[PDB]
Structures are given as C-alpha cells and as structure tokens.
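Novice: Please see the structure below; I have some questions.
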Amino acid sequence: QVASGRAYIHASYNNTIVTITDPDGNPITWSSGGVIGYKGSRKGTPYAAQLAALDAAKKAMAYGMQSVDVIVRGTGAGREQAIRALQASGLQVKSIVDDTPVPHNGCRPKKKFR
Amino acid sequence: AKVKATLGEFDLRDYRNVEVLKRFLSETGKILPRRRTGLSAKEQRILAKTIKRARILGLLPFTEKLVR
Amino acid sequence: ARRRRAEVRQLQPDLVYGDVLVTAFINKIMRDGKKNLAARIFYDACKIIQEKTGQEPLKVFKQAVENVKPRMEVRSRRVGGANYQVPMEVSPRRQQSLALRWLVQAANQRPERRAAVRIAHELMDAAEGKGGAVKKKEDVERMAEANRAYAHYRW
RNA sequence: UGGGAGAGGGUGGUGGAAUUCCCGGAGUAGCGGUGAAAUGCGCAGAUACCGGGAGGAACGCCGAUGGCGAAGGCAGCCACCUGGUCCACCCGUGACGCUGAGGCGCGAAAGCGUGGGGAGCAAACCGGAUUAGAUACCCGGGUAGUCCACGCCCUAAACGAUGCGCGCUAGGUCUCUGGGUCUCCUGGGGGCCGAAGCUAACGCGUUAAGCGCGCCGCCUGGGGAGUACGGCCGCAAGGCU
Ligand SMILES: [Mg+2]
Ligand SMILES: [Mg+2]
Ligand SMILES: [Mg+2]
Ligand SMILES: [Mg+2]
Ligand SMILES: [Mg+2]
Ligand SMILES: [Mg+2]
Ligand SMILES: [Mg+2]
Ligand SMILES: [Mg+2]
Ligand SMILES: [Mg+2]
Ligand SMILES: [Mg+2]
Ligand SMILES: [Mg+2]
Ligand SMILES: [Mg+2]
Ligand SMILES: [Mg+2]
Ligand SMILES: [Mg+2]
Ligand SMILES: [Mg+2]
Ligand SMILES: [Mg+2]
Ligand SMILES: [Mg+2]
Ligand SMILES: [Mg+2]
Ligand SMILES: [Mg+2]
Ligand SMILES: [Mg+2]
Ligand SMILES: [Mg+2]
Ligand SMILES: [Mg+2]
Ligand SMILES: [Mg+2]
Ligand SMILES: [Mg+2]
Ligand SMILES: [Mg+2]
Ligand SMILES: [Mg+2]
Ligand SMILES: [Mg+2]
Ligand SMILES: [Mg+2]
Ligand SMILES: [Mg+2]
Ligand SMILES: [Mg+2]
Ligand SMILES: [Mg+2]
Ligand SMILES: [Mg+2]
Ligand SMILES: [Mg+2]
Ligand SMILES: [Mg+2]
Ligand SMILES: [Mg+2]
Ligand SMILES: [Mg+2]
Ligand SMILES: [Mg+2]
Ligand SMILES: [Mg+2]
Ligand SMILES: [Mg+2]
Ligand SMILES: [Mg+2]
Ligand SMILES: [Mg+2]
C-alpha cells in the first residue's frame with residue numbers, strides 16, 4: 001500500500017497507456033484502451049483514456065494510493081482528456097510534467113515520417 | 001520582454017557565465033531565438049557556441065522536463 | 001434548407017383542454033387528414049384512461065411524454081473512411097417530435113383492437129414508466145452514452 | 001601592413017537526447033498497427049515504468065528569405081594542419097592580362113573490390129491486407145546497401161534548365177559581413193519591385209536574359225537514339241565520342 005506515487009500517460013496516435021508506479025518508479029498497476037473493452041482506432045480516443053486513466057486510478061487507490069505526480073509522453077489525441085479524469089478522479093495530482101521523448105536528429109524514422 | 005535589455009555589459013565568450021548564459025534558455029532548456037533574445041546576427045551566433053561549450057562542461061542542460 | 005433557419009409552426013390550441021400540445025398529437029393520429037376521426041380516438045382514449053385512472057389525463061399525457069423525451073440520441077458522422085454514430089444533445093422541438101412519434105408508433109404497435117384503446121394504454125404506461133414507447137428512448141440515450149467516445153466529433 | 005566573419009576541406013579526440021537488444025526490479029490482459037482491419041508480438045509474462053550495461057548512426061532548439069564553397073556539397077563541442085575571400089592604408093612590382101581545343105584534378109546518390117562495422121532505416125524477398133487482379137500505393141518482418149579505411153566507378157532535373165572576365169546603363173525596400181563621421185556615407189555577397197531597353201509571350205532588369213568587346217562549348221525538325229559500328233576508359237554494371 002502506498003499513498004503518493006506517480007502516473008505516466010503514453011499518448012500515441014493509435015492508443016493511450018496509463019500505468020501507475022511507486023515513488024521509486026516500480027509499477028503498482030496499469031491500464032490503457034483495450035483493458036476497458038475497446039479494439040482498434042476507437043482506442044485512439046480521449047474517452048478511452050478517461051476510462052483507461054480512470055480504471056487505472058480506481059484500481060490504484062484500492063492499494064492505498066492517494067497522491068501521484070504526473071508524467072506525460074507523446075502527441076496523442078487521447079492525451080489531455082486522460083490528464084483530466086485523473087485530476088477529476090480522486091487523487092491529489094501533486095504535479096504535471098511532460099517528459100515526452102525527442103531525439104536530436106538521431107536514428108532515422110520509418111518511411112511514413114518523411 | 002526581450003532579454004538583452006535585461007542585462008548590460010557581459011562577455012558573449014564567458015562560456016562559464018552560467019547565471020547569465022542560463023538566462024537565454026527557455027524553461028525547457030532550449031536555446032531561445034532572436035525575436036525573443038533581442039540579440040543580433042553575429043551576436044546570436046557568438047552565444048550558443050558559448051552556451052554549448054558550457055552545456056558540455058556540465059553547467060547548462062541539454063534539455064529539461066516541463067512543469068505546468 | 002440552405003438559406004436561413006426554418007420557422008416553427010405554432011398550432012391552434014385544442015378545443016377541449018386549450019393546449020397546442022394536444023393539437024400536435026391529434027395530427028400524428030390524423031390519417032388522410034381526418035381530424036374529426038383523429039380528434040375522437042384521442043379524447044376517446046382520454047375517456048378509458050380516465051375510467052381506469054381518476055386523475056385528469058391531461059396531466060397523464062403531460063407526464064407520459066417527458067418520460068418519452070430522449071435527452072441524447074446518436075447521429076451518424078462519416079469522417080474519413082468510416083461513419084461515426086456521433087451522439088448529440090437532442091433538440092427540444094425534436095424531442096417533442098421524437099416523443100410524439102413512438103407513442104402512436106408504439107400504440108399502433110399495441111395488440112388491443114380499438115384505436116382509442118391502444119393510444120390511451122400507451123399514455124398510461126409512460127406516465128408510469130413501461131412500454132416500448134419508453135423503449136426507443138431508453139435504447140437511444142444509451143447507445144449514445146455507449147458511444148461517448150465521439151462527443152468531440154459533436155456539432 | 002593590420003584586421004573580420006564562415007556548416008570551406010582534412011586528421012585526431014569528444015558530448016548529450018532517442019531508437020534497437022541484453023541483464024535486474026515491479027506489474028497484468030493486451031500491445032502494435034491502420035481509413036477500417038490482419039499478419040505479427042504476448043500467461044514461455046509483451047506493451048507502458050524505474051535502474052545498469054553494449055553498439056551503431058545522425059547531430060534537436062540555436063537555424064533563418066542566413067552563411068561558405070568553382071561545383072557536387074558542407075551543420076553537436078574542442079584543438080591542429082590548410083584553401084579560397086572580403087575591408088581598410090593606398091607601401092612595393094609596372095600590363096605581368098582575359099579566354100582557354102588538348103591534358104590534368106574534383107565530382108551528390110546508387111554501384112564495384114578488399115577488410116572492418118551493423119542500432120535505425122531499407123531495394124530485392126516472405127507474409128498480411130485493398131482490389132475483378134495488386135508481382136504495387138497502406139501494415140508486419142527482412143538481405144545487400146546507407147557508416148569508417150584504401151582503391152575504382154565519373155553519371156544526374158551535377159538547375160539559375162542562364163559559360164568566364166571587363167567596361168557602360170534610375171532607383172526603392174530587406175538581409176549577411178566589413179569600413180567609416182555612426183544621422184548617414186562607402187566596398188563585397190544574398191532576395192524582393194521596379195527606370196529606360198530587351199523578349200514570341202510568360203519574363204529578365206548593376207547577380208541582366210539591357211548596349212558592347214574578347215575567347216571557349218554548343219544548336220540546325222520529330223522519332224529511330226544517346227541505339228549500332230569502330231576506338232578509348234572500366235573488375236564489372238556501364239561512361240565518353
Ligand atoms: Mg490502437
Ligand atoms: Mg535486426
Ligand atoms: Mg525485464
Ligand atoms: Mg530502460
Ligand atoms: Mg530547422
Ligand atoms: Mg540558402
Ligand atoms: Mg605607390
Ligand atoms: Mg617606378
Ligand atoms: Mg582559367
Ligand atoms: Mg564519385
Ligand atoms: Mg556514396
Ligand atoms: Mg561484392
Ligand atoms: Mg566479385
Ligand atoms: Mg562486407
Ligand atoms: Mg541486419
Ligand atoms: Mg516495408
Ligand atoms: Mg493472380
Ligand atoms: Mg492476395
Ligand atoms: Mg506484397
Ligand atoms: Mg522494419
Ligand atoms: Mg557485396
Ligand atoms: Mg548486387
Ligand atoms: Mg556501397
Ligand atoms: Mg560495399
Ligand atoms: Mg566530364
Ligand atoms: Mg535549387
Ligand atoms: Mg550561381
Ligand atoms: Mg544540361
Ligand atoms: Mg553570351
Ligand atoms: Mg559596422
Ligand atoms: Mg546589394
Ligand atoms: Mg523583378
Ligand atoms: Mg518598360
Ligand atoms: Mg538582342
Ligand atoms: Mg554577384
Ligand atoms: Mg568555358
Ligand atoms: Mg530525320
Ligand atoms: Mg535526328
Ligand atoms: Mg546514359
Ligand atoms: Mg561497342
Ligand atoms: Mg553508351
């Protein structure tokens with residue numbers, strides 16, 4: 001059982017993941033689109049993150065969680081609405097930070113990013 | 001809110017002037033252009049290289065997390 | 001249409017209870033423009049409903065419609081290679097239009113033999129909360145909420 | 001003589017972010033992907049998280065209508081070696097100059113040989129989909145190759161589809177870097193609109209496509225064809241004529 005923790009939102013074109021970690025970073029519970037019962041582009045939807053982010057939080061606090069610092073990575077249309085319900089969930093949302101990764105012109109991407 | 005006015009004399013080559021140099025890096029650690037720094041051409045260029053060198057010495061960051 | 005916002009036909013309130021709402025319902029009743037006929041089966045049903053329910057059936061059907069008023073329906077939006085049942089806050093004019101279209105629709109569904117019989121019987125149930133009349137609404141409002149993932153596609 | 005700016009070129013060191021895999025901790029029912037789906041990956045524990053390690057490649061913001069280069073082309077930081085170039089002072093030589101068939105050297109990508117290297121990506125290839133069909137467009141894998149060293153290969157929308165040098169012909173606004181006296185004036189580049197003038201028109205116009213002088217290359221209907229023959233070059237594919 002833990003009261004304060006973390007929350008990472010992997011926001012992608014095709015989906016959105018919500019995994020909650022202990023203060024050290026060890027995951028304690030997680031959730032994303034399909035977990036609530038969606039398959040396909042419907043996953044790439046904010047309302048998914050809601051249930052996703054929500055269903056992850058709900059399960060989280062069941063272990064004693066009450067506070068978590070927020071971490072968001074990616075450029076997903078389901079991103080912000082996920083940040084929403086988390087706040088409007090039942091957790092103190094102690095902070096928000098965007099650690100979205102970005103190279104400095106490193107590896108080449110696939111054909112469809114050029 | 002251009003910055004060059006915010007300061008007076010100061011060495012574009014004092015590649016150790018963190019407290020000053022770190023003033024031109026947006027709160028996301030990025031270098032800030034010229035519509036935002038008030039620096040000119042030759043000026044502007046002489047900066048970064050100064051910043052960069054420090055950003056290699058361990059003084060300035062290559063990037064920073066963002067807080068809302 | 002393409003020009004501006006169409007107008008709302010205000011009807012001539014009924015000649016019995018002094019209401020335009022009543023005036024609206026008989027229309028749906030009224031087939032082949034047989035207002036006298038339609039006007040009957042209504043105030044006739046208004047009789048049976050009275051006998052089996054001794055409260056002013058004016059209120060009865062004043063109630064059994066709100067119970068029929070759907071708050072959210074779905075509407076198909078085909079953005080890109082797919083059509084999305086984008087749900088929308090149903091409109092007032094339409095809600096009356098929606099409630100005014102299944103009672104009769106569900107009344108005409110009903111198996112009892114006489115017109116004023118059925119029409120009345122659908123009146124009561126909705127005043128309680130029973131019957132396919134409430135079914136459509138019920139089914140409608142939740143498929144939407146069953147599609148709450150498309151409200152950002154709203155209009 | 002004195003300076004200035006710059007991704008000019010070469011060697012050696014080097015700095016951080018991200019992708020991929022390996023190892024460790026925690027954790028659960030799906031991740032990924034698309035217009036929608038599927039192949040594919042996942043209870044043999046994936047996806048998203050934290051921590052450590054290995055390896056390769058390209059250098060985010062600065063950065064831009066910018067800069068340098070004869071061209072192709074050049075972009076993290078550092079130092080060394082080196083080229084071209086501009087400004088001023090107007091110090092020296094006193095026409096020493098321009099052009100340049102031949103010759104020589106350079107020459108993006110792909111490709112070739114030898115020996116390394118191999119993370120990401122990715123021709124052929126396999127697979128899954130769309131299709132009447134789909135040897136394709138979209139998706140999942142994936143070999144050469146893209147990277148380094150030394151050799152070749154010498155082509156292209158190698159474009160400004162505009163050869164090089166000089167002299168003459170209104171200006172206006174923007175930008176790079178110099179010099180001044182610092183309002184502004186003057187040199188050299190980079191764009192824009194436009195004087196006259198040219199031009200078949202679209203357009204160019206002190207970076208000419210304007211009026212001129214010199215020299216080189218080049219065109220002479222379309223296709224056949226940049227093919228055949230011969231000759232040269234080359235390991236070959238193929239190049240030149
Ligand atoms: Mg998806
Ligand atoms: Mg591999
Ligand atoms: Mg593991
Ligand atoms: Mg890791
Ligand atoms: Mg850029
Ligand atoms: Mg340019
Ligand atoms: Mg003299
Ligand atoms: Mg003399
Ligand atoms: Mg010459
Ligand atoms: Mg070559
Ligand atoms: Mg090459
Ligand atoms: Mg070979
Ligand atoms: Mg061989
Ligand atoms: Mg090899
Ligand atoms: Mg491989
Ligand atoms: Mg592929
Ligand atoms: Mg076939
Ligand atoms: Mg097939
Ligand atoms: Mg195929
Ligand atoms: Mg691949
Ligand atoms: Mg080979
Ligand atoms: Mg081969
Ligand atoms: Mg090769
Ligand atoms: Mg090779
Ligand atoms: Mg040649
Ligand atoms: Mg060009
Ligand atoms: Mg040129
Ligand atoms: Mg040509
Ligand atoms: Mg000429
Ligand atoms: Mg000056
Ligand atoms: Mg000029
Ligand atoms: Mg013009
Ligand atoms: Mg004219
Ligand atoms: Mg002429
Ligand atoms: Mg010029
Ligand atoms: Mg020539
Ligand atoms: Mg002929
Ligand atoms: Mg001919
Ligand atoms: Mg050819
Ligand atoms: Mg031959
Ligand atoms: Mg040939």
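Residue numbers start at 1 in each chain; chains themselves are named A, B, ... in the order of the structure tokens; ligands are numbered from 1 in the order shown.
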Residues of chain A no more than 8 Å from chain D, counting only C-alpha atoms (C1' of nucleotides): send them over as a list in words.
Specialist: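 Every residue meeting the condition is included here: residues 8, 9, 10, 14, 17, 18, 19, 20, 21, 24, 25, 26, 27, 28, 29, 30, 34, 35, 101, 102, 103, 104, 105, 106, 107, 108, 109 and 110 of chain A.
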Novice: Produce a file of the selected residues containing N, CA, C and O atoms, as a compact mmCIF listing (two decimals), in the first residue's frame.
Specialist:
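Printed below is result-v4.txt as written:
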# COMPACT_ATOMS: atom_id res chain seq x y z
N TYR A 8 2.07 7.71 -15.48
CA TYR A 8 2.63 8.01 -16.79
C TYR A 8 1.57 7.78 -17.85
O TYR A 8 0.84 6.78 -17.82
N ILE A 9 1.48 8.71 -18.80
CA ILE A 9 0.50 8.68 -19.87
C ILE A 9 1.27 8.56 -21.18
O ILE A 9 1.77 9.56 -21.70
N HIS A 10 1.37 7.34 -21.71
CA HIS A 10 1.98 7.14 -23.01
C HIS A 10 0.91 7.40 -24.06
O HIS A 10 0.06 6.55 -24.32
N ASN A 14 -2.30 5.77 -32.03
CA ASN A 14 -3.12 4.57 -32.10
C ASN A 14 -3.66 4.11 -30.76
O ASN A 14 -4.47 3.18 -30.72
N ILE A 17 -1.76 4.66 -23.01
CA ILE A 17 -1.49 3.78 -21.87
C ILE A 17 -1.46 4.62 -20.60
O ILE A 17 -1.00 5.76 -20.60
N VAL A 18 -1.95 4.03 -19.51
CA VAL A 18 -1.94 4.66 -18.19
C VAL A 18 -1.40 3.63 -17.20
O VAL A 18 -2.10 2.67 -16.85
N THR A 19 -0.16 3.82 -16.76
CA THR A 19 0.48 2.95 -15.79
C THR A 19 0.91 3.78 -14.59
O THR A 19 1.50 4.85 -14.74
N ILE A 20 0.60 3.28 -13.39
CA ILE A 20 0.87 3.98 -12.14
C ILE A 20 1.99 3.26 -11.41
O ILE A 20 1.99 2.03 -11.31
N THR A 21 2.95 4.03 -10.89
CA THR A 21 4.17 3.49 -10.33
C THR A 21 4.34 3.95 -8.88
O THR A 21 3.75 4.94 -8.45
N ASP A 24 9.54 5.08 -6.08
CA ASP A 24 10.79 4.66 -6.70
C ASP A 24 10.65 4.47 -8.20
O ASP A 24 11.65 4.50 -8.92
N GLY A 25 9.42 4.28 -8.70
CA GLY A 25 9.18 4.04 -10.11
C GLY A 25 8.69 2.64 -10.42
O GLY A 25 8.33 2.37 -11.57
N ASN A 26 8.66 1.75 -9.44
CA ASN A 26 8.20 0.39 -9.66
C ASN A 26 6.69 0.39 -9.91
O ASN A 26 5.93 0.85 -9.05
N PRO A 27 6.23 -0.09 -11.06
CA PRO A 27 4.79 -0.06 -11.34
C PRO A 27 4.01 -0.80 -10.26
O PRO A 27 4.49 -1.76 -9.66
N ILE A 28 2.79 -0.33 -10.01
CA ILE A 28 1.93 -0.92 -8.99
C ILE A 28 0.64 -1.38 -9.64
O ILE A 28 0.01 -2.35 -9.21
N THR A 29 0.23 -0.67 -10.69
CA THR A 29 -0.91 -1.06 -11.52
C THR A 29 -0.86 -0.22 -12.79
O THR A 29 -0.16 0.79 -12.86
N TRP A 30 -1.62 -0.67 -13.79
CA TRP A 30 -1.58 -0.05 -15.11
C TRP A 30 -2.93 -0.26 -15.79
O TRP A 30 -3.77 -1.02 -15.31
N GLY A 34 -7.69 -0.94 -24.51
CA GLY A 34 -8.40 -2.20 -24.62
C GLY A 34 -8.88 -2.75 -23.29
O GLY A 34 -9.91 -3.42 -23.23
N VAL A 35 -8.16 -2.45 -22.21
CA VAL A 35 -8.49 -3.02 -20.91
C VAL A 35 -9.95 -2.76 -20.56
O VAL A 35 -10.60 -3.60 -19.91
N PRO A 101 9.65 12.10 -25.08
CA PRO A 101 10.99 11.97 -25.67
C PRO A 101 11.06 12.56 -27.06
O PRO A 101 10.09 12.56 -27.83
N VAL A 102 12.24 13.08 -27.39
CA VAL A 102 12.52 13.63 -28.71
C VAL A 102 14.01 13.51 -28.96
O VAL A 102 14.82 13.98 -28.13
N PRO A 103 14.44 12.91 -30.06
CA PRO A 103 15.88 12.80 -30.33
C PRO A 103 16.49 14.17 -30.58
O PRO A 103 15.84 15.20 -30.37
N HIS A 104 17.74 14.20 -31.02
CA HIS A 104 18.35 15.42 -31.52
C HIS A 104 18.83 15.21 -32.95
O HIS A 104 19.91 15.66 -33.34
N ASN A 105 18.02 14.49 -33.72
CA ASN A 105 18.27 14.16 -35.12
C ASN A 105 19.00 12.82 -35.22
O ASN A 105 19.77 12.59 -36.15
N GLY A 106 18.75 11.93 -34.26
CA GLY A 106 19.44 10.65 -34.20
C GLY A 106 19.02 9.66 -35.26
O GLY A 106 19.19 9.91 -36.46
N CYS A 107 18.49 8.51 -34.83
CA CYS A 107 18.12 7.45 -35.75
C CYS A 107 17.12 7.96 -36.79
O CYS A 107 16.32 8.87 -36.52
N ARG A 108 17.16 7.37 -37.98
CA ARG A 108 16.14 7.68 -38.97
C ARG A 108 14.81 7.04 -38.58
O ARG A 108 14.79 5.93 -38.04
N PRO A 109 13.70 7.72 -38.84
CA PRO A 109 12.39 7.08 -38.65
C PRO A 109 11.97 6.29 -39.88
O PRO A 109 12.71 6.21 -40.86
N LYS A 110 10.77 5.70 -39.83
CA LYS A 110 10.25 4.93 -40.95
C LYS A 110 10.01 5.81 -42.16
O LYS A 110 10.26 7.02 -42.13
Novice: Could you pull out the helix (DSSP H, G or I) residues of segment 8-67 of chain B from DSSP and send them as a PyMOL selection string?
Specialist: chain B and resi 18-24+41-57
Novice: Residues of chain C within 12 Å of chain A, counting only C-alpha atoms, what are they? List them as a PyMOL selection string.
Specialist: chain C and resi 81-82+84+145-153
Novice: Using C-alpha atoms, can you write the selected residues to a file as a PDB file, in the first residue's frame?
Specialist:
ATOM      1  CA  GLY C  81     -13.135   6.102 -44.191  1.00  0.00           C
ATOM      2  CA  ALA C  82     -15.898   5.413 -41.666  1.00  0.00           C
ATOM      3  CA  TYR C  84     -19.433   7.534 -36.672  1.00  0.00           C
ATOM      4  CA  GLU C 145     -23.559   7.065 -23.989  1.00  0.00           C
ATOM      5  CA  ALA C 146     -22.386   3.741 -25.397  1.00  0.00           C
ATOM      6  CA  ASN C 147     -20.636   5.997 -27.951  1.00  0.00           C
ATOM      7  CA  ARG C 148     -19.500   8.811 -25.630  1.00  0.00           C
ATOM      8  CA  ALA C 149     -16.126   8.420 -27.365  1.00  0.00           C
ATOM      9  CA  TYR C 150     -17.312  10.631 -30.256  1.00  0.00           C
ATOM     10  CA  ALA C 151     -18.658  13.714 -28.451  1.00  0.00           C
ATOM     11  CA  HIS C 152     -15.562  15.624 -29.565  1.00  0.00           C
ATOM     12  CA  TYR C 153     -16.876  14.966 -33.089  1.00  0.00           C
TER      13      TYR C 153
END
Novice: I'd like a table as JSON lines: residues in chain D with an atom no more than 10 Å from ligand 18, each row giving the shortest atom pair and its distance in Å to one decimal, only C-alpha atoms (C1' of nucleotides) and all ligand atoms counted, sorted by chain and rising residue number.
Specialist:
{"residue": "D:128", "atom": "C1'", "partner": "ligand 18", "partner_atom_place_in_ligand_line": "1 (Mg)", "distance": 9.1}
{"residue": "D:129", "atom": "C1'", "partner": "ligand 18", "partner_atom_place_in_ligand_line": "1 (Mg)", "distance": 7.8}
{"residue": "D:130", "atom": "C1'", "partner": "ligand 18", "partner_atom_place_in_ligand_line": "1 (Mg)", "distance": 8.9}
{"residue": "D:131", "atom": "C1'", "partner": "ligand 18", "partner_atom_place_in_ligand_line": "1 (Mg)", "distance": 8.7}
{"residue": "D:133", "atom": "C1'", "partner": "ligand 18", "partner_atom_place_in_ligand_line": "1 (Mg)", "distance": 8.7}
{"residue": "D:134", "atom": "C1'", "partner": "ligand 18", "partner_atom_place_in_ligand_line": "1 (Mg)", "distance": 7.5}
Novice: Would you please work out which residue, of D:112, D:96, D:228, D:64, is nearest to ligand 11 when using only C-alpha atoms (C1' of nucleotides) and all ligand atoms?
Specialist: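 Under the stated criterion, the closest residue is D:112.
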Novice: With distances taken over only C-alpha atoms (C1' of nucleotides), which of D:23, D:168, D:35, D:150 is nearest to chain C?
Specialist: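 Counting only C-alpha atoms (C1' of nucleotides), the residue closest to chain C is D:35.
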Novice: Could you check how far atom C1' of residue 217 of chain D sits from atom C1' of residue 241 of chain D, in Å to one decimal?
Specialist: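 Atom-to-atom, atom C1' of residue 217 of chain D to atom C1' of residue 241 of chain D, that is 15.1 Å.
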Novice: Counting only C-alpha atoms, figure out which residue out of B:18, B:7, B:54, B:67 gets nearest to chain A.
Specialist: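 Of B:18, B:7, B:54, B:67, the one nearest chain A, counting only C-alpha atoms, is B:67.
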